[PDB]
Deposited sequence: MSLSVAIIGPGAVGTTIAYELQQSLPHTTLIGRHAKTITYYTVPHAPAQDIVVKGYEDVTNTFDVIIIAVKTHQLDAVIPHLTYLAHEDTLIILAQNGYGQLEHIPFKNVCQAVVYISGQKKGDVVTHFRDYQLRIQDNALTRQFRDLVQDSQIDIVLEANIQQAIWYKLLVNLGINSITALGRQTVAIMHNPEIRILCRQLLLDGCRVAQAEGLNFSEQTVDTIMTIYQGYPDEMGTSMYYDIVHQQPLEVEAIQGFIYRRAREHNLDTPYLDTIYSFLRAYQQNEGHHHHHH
């Protein structure tokens, strides 16, 4: 069973490194060939991991994990024609919420792996977990990686897990990015009020999509946010302050488009999405 990871970033390098410890043929693919210097944890002995460029990879793979940013998926897609066969299992190790991918077996994963890439140096911080829809192919993949540190959690129905992370992202990523601030911005009472209202907007969309969320869910997420230290950023905050594109369309945009589909009133979500969309269009 052949395995590729596409996207040698924080998440992709972590997955490739750890899978290569038990499955040494596992292949890490980027735009061009290079070598990433990888730390399993901060201050660990450095480890180099080989990246093959698209042009270097001639064969097809049974499993392909895509770990690029959501706004980078469209650029990856055409390469799949040569990297995958009709039955290749394709796993999106990305945030947000597939139909753009012209293959039968495409699965959206929920990523619980924390790390950062600076230049060609990747530092993993904590966690090795992917939550994926439980099916024949993902069970087979789970079995394949059993001697690695990668924790594949199979969900009888992956929608709840996807939407839960969608909501966790929705509140604090929107606020820190639009606010151009670390999570310390939550010390403003008005910002916390906004954050809860924004989560409530997201929650009512999740509900109309058939998910079992509620005000309790919002309380739980606000409680998680209270645990974050002041200096903590979010991925969308880092992207906006470094003038990079945002993952907005697959996160706030997805939630927004579902809100409209259900004719919901979501003023907080709408406001947040309008500004993040405007940023994205300016960056284009």
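No C-alpha positions are given in the record for the deposited-sequence stretches 1-2, 100-101, 289-294.
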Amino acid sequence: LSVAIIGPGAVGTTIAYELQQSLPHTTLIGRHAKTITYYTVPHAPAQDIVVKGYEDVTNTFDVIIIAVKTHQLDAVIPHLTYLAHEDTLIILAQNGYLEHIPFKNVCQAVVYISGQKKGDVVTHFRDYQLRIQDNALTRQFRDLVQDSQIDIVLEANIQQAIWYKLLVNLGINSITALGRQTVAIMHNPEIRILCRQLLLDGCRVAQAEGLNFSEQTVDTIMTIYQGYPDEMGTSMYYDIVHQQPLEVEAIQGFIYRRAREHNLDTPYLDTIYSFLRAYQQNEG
From here on, numbers count along this sequence of modelled residues.
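Set 139-147 against 187-195 and average the Cα temperature factors; 139-147 ends up higher. According to the PDB record, 25-33 carries the higher mean C-alpha B-factor of the two stretches 221-229 and 25-33. Considering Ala84, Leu200, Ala93, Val153 together, the PDB entry gives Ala84 the largest C-alpha B factor. The deposited CA B-factor of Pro102 belongs to the highest third of values across its chain.
When all modelled residues of the chain are sorted by CA temperature factor, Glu261 is found within the highest third. The deposited CA B-factor of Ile77 belongs to the highest third of values across its chain. Per the PDB record, residue ranking by Cα B-factor puts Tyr238 in the lowest third of the chain. Looking at the C-alpha B-factors along this chain, the one for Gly253 belongs to the lowest third.
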